[PDB]
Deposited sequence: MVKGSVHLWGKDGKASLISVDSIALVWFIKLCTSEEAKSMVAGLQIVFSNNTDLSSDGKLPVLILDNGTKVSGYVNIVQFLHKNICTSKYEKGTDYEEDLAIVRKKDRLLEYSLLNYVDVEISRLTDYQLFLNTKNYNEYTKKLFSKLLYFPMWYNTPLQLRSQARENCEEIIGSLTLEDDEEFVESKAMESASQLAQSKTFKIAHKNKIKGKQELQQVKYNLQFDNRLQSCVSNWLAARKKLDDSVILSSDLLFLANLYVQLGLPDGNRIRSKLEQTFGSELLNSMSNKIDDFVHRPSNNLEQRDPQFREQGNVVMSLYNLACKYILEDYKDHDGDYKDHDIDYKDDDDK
């Protein structure tokens, strides 16, 4: 498979806003067997940070040297498994392949929904942390539209699940109303999260529990992002009290093991001008889109 993979990140580290850019760099690093290394042999990593290359706007994207584009972590790992000659990360047998695809799709569609909430709708995390990353990732004029668009998109998927001086004092009472609403919402979020992961863990037991699958790397990336935010201790406590300290500690140990891996299977590349995303290329692409 010859091509190039673009991602969110910098300095060889994927940023925490993209929960599947993190899960995709753990994927390549775990392809060490003879058949699995042929799956990703020839791929290169590029931290382009411009969605103008994506076919549908999402940066985890594969371009196969001849115009073929696939987007998202679900589609890339499904495409790659269909280029195995059949001659760490394990490969699932044919008898239980649909179940693995169902598990991976379920994580993408239901659990990755919650992590967008924790990143863009939780004020304690969006106000002081999330907005800072885009200043370092994007360019000077493109610093304000992207966080706003991502925040606006994040509530559409989560709306139906997580919902003189005297005037100054009255408006300060609105602040207290805001904390009342914020302590109302957390009970909905914690009730939905403990039900999603409880379904996922009940379904996952049907497969082998002693091997690492492509669907586990996306579930663990979500927890890594979700517990690595300043508002992460409350979730760390809530999940632990209801699932088990030993279990969540084992999962955190696995996350740490994945994070501390040598970058030898990686082969990355400095982005070229045409795929940088600067002002000139942004204007060129914007003009070409209407032509």
property: Gaps in the model (deposited sequence, numbered from 1); result: 1, 89-98, 175-199, 328-351
